[PDB]
Participant: 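Can you keep this structure in mind? I'll have questions shortly.
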Amino acid sequence: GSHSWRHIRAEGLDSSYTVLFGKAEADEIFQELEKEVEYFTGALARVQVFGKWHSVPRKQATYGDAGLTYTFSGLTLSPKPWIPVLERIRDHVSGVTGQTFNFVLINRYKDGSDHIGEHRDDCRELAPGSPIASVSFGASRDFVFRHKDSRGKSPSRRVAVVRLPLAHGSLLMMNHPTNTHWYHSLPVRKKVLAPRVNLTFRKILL
DNA sequence: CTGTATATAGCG
DNA sequence: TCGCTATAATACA
């Protein structure tokens, strides 16, 4: 150590995976997250894609420093003030990695039928070259990376997909230039009966 | 022969 | 039960 990483690498891809918490501690944090996080509803839970509007197949929330905003798929989200459980996770991640963050996005999947579609994390408000930290609690779910040049009907090349399960209590670091080159998603898994909560920490420009 | 870009439907 | 397809109504450069 101080930590033990599994490195995930391939053309233009640079990420790393590790387990931060044991089962007892991870169960405590999950219960506190279910008690305290406030999720967006109604008009703040609909997006526009290919000209049509949809309610998102999951629940979402945003927290962070004053003044920042976060915009994607026709939806603009404003961040709530930091709370203790979220400050504790942020500080632990900063200590382990040496990086700093001023914003967090939270996604909750109620069972295996809740999911999220393919995309890159590259909006203008992200500081150039900064990393993104992904922390998970609850049921294990499969996570998938796909190369931009390999997408669609007859693509330019065919780079193999990269798949890994994200377990209860784990951290995935996504480093530059991962998000200029690769899309990611969380597909439907019908045999999964229990809920999962995911947190992604970021550096946002004012 | 030729602009690039983005949640569910309807298959197999 | 899992995964590829074809959007669709614009907004750019």
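Only heavy atoms go into these numbers, but all of them, side chains included; no hydrogens, no water, no symmetry mates. Naming convention: chains lettered A, B, ... in sequence-line order (proteins, then strands); numbering from 1 in each chain.
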Participant: So, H115(A) side chain and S113(A) main chain: donor-acceptor pair closer than 3.5 Å or not?
Facilitator: yes
Participant: Just the endpoints, please: which first and last nucleotides of DNA chain B, 5' to 3', lie under 4.0 Å from a heavy atom of chain A?
Facilitator: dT6(B) to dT8(B)
Participant: Specify the closest pair of heavy atoms between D111(A) and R141(A), including all atoms of both residues, with the distance to one decimal.
Facilitator: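 So the two residues come closest at O-NH1, 3.2 Å.
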Participant: Hey, what do you get for CD1 (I106(A)) to NZ (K80(A)), rounding to the nearest 0.5 Å?
Facilitator: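 If we round to the nearest 0.5 Å, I106(A):CD1 and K80(A):NZ are 9.5 Å apart.
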Participant: Could you identify which residues of residues 42-56 of chain A place a heavy atom less than 4.0 Å from some atom of DNA chain B, listed by residue number, or say none?
Facilitator: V47(A), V49(A), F50(A), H54(A)
Participant: Contact list please: residues 142-153 of chain A against DNA chain C, heavy atoms, distance less than 4.0 Å, in numerical order.
Facilitator: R146(A), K153(A)
Participant: Where each pair must be Watson-Crick or G-U wobble with both distances under 3.5 Å, what dot-bracket representation of DNA chain B is obtained, with crossing pairs in [ ] and other-strand partners as |?
Facilitator: ..||||||.|||
Participant: Establish, from distance only, whether the side-chain atoms of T200(A) and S134(A) form a donor-acceptor pair under 3.5 Å.
Facilitator: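 Judged by distance alone, the side chains do not pair up.
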Participant: Who else is in the cluster with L186(A) when I, L, V, M, F, W and Y are joined by side-chain contacts under 4.5 Å?
Facilitator: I8(A), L13(A), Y17(A), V19(A), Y109(A), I116(A), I132(A), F143(A), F145(A), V159(A), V162(A), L164(A), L166(A), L172(A), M174(A), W182(A)
Participant: Looking at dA6(C) and its strand neighbour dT5(C), I'd like to know if their base rings stack, meaning the ring centres are under 5.5 Å apart and the planes differ by less than 30°.
Facilitator: yes
Participant: Would you compute the distance between atom CG of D142(A) and atom CZ of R163(A) and round it to the nearest 0.5 angstrom?
Facilitator: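 Here the rounded value is 8.5 Å.
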Participant: Between OG1 of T62(A) and CG of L105(A), what distance do you get to the nearest 0.5 Å?
Facilitator: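 Output value for this atom pair is 7.5 Å.
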Participant: Who clusters with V144(A)? Use side-chain heavy atoms, under 4.5 angstrom, across I, L, V, M, F, W and Y, and order the result by chain and number.
Facilitator: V161(A)
Participant: With sequence neighbours left out, what residues match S140(A) under side-chain contact (heavy atoms from CB on, under 4.5 Å)?
Facilitator: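 In terms of side-chain contact (heavy atoms from CB on, under 4.5 Å), with neighbours along the sequence ignored, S140(A) is linked to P165(A).
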Participant: Checking understanding here: a glycosidic angle within 90° of 0 is syn, the rest anti, so what is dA5(B)?
Facilitator: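 Judged by the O4'-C1' to base torsion, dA5(B) sits in anti, the angle falling more than 90° away from 0.
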Participant: For atom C1', what is the distance between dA9(B) and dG3(C), given to the nearest Å?
Facilitator: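 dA9(B) and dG3(C) have their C1' atoms separated by 14 Å.
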Participant: Looking at OG1 of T97(A) and CH2 of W5(A), how far apart are the two atoms once the value is rounded to the nearest 0.5 Å?
Facilitator: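 Answer rounded to 0.5 Å: 7.0 Å.
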Participant: Going strictly by the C1'-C2'-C3'-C4' torsion (positive north, negative south), how would you label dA9(B)?
Facilitator: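 That sugar belongs to the south family, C2'-endo side.
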Participant: What distance do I204(A) atom CD1 and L68(A) atom CG have between them, rounded to the nearest 0.5 Å?
Facilitator: 7.0 Å
Participant: Classify the sugar of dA9(C) as north or south, using the sign of the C1'-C2'-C3'-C4' torsion: positive means north, negative means south.
Facilitator: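 South pucker for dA9(C); the sign of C1'-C2'-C3'-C4' is negative.
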Participant: With side-chain hydrogen bond (donor to acceptor under 3.5 Å, both in side chains) as the rule and sequence neighbours excluded, what pairs involving residues 25-38 of chain A come up?
Facilitator: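 Output for this query lists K23(A)-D27(A), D27(A)-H168(A), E32(A)-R88(A), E34(A)-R108(A).
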Participant: Provide the start and end nucleotides, 5' to 3', of the part of DNA chain C that has atoms under 4.0 Å from heavy atoms of chain A.
Facilitator: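 Here the contact window of chain A covers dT1(C) to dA9(C).
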Participant: With a cut-off of 6.0 Å (strictly less than), are more than 12 heavy atoms of other residues, nucleotides or ligands near NZ of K148(A)?
Facilitator: yes
Participant: Enumerate the ring pair (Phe, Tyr, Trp, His ring centres under 6.0 Å) contacts for residues 185-206 of chain A, please, sequence neighbours excluded, ordered by first and then second residue.
Facilitator: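 Listed once each, the pairs would be none.
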Participant: Classify the nucleic acid contact of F72(A) as base, sugar-phosphate or nothing, counting any heavy atom under 4.0 Å across all strands shown.
Facilitator: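 Result for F72(A) = nothing.
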Participant: Given the rule that positive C1'-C2'-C3'-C4' is north and negative is south, which one is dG3(C)?
Facilitator: south
Participant: Using atom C1' in both nucleotides, what's the gap between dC1(B) and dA9(C) to the nearest angstrom?
Facilitator: 25 Å
Participant: Measuring from atom CZ of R6(A) to atom OG of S170(A), what distance do you get when rounded to the nearest 0.5 angstrom?
Facilitator: 11.5 Å
Participant: With a 4.5 Å cut-off on side-chain heavy atoms, are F72(A) and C123(A) touching?
Facilitator: no
Participant: Looking at residues 113-130 of chain A, who's got a heavy atom less than 4.0 Å off DNA chain B?
Facilitator: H115(A), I116(A), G117(A)
Participant: Does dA6(C) have its sugar in the north or the south range once you look at the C1'-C2'-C3'-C4' torsion?
Facilitator: south
Participant: Heavy-atom distance under 4.5 Å between the side chains of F103(A) and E125(A), does that happen here?
Facilitator: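 Answer no - side chains too far apart.
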Participant: Under the side-chain hydrogen bond (donor to acceptor under 3.5 Å, both in side chains) definition, can you give me all pairs with a residue in residues 39-60 of chain A, not counting sequence neighbours?
Facilitator: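 The answer is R46(A)-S55(A), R58(A)-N107(A), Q60(A)-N107(A).
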Participant: Heavy atoms under 4.0 Å, any strand shown: does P187(A) hit a base, just sugar-phosphate, or nothing?
Facilitator: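 It contacts nothing in the nucleic acid.
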Participant: Mark yes when over 12 heavy atoms from residues, nucleotides or ligands other than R120(A) sit less than 6.0 Å from its CZ; otherwise mark no.
Facilitator: yes
Participant: Rounded to whole angstrom, note down the P distance from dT2(B) over to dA11(C).
Facilitator: 26 Å
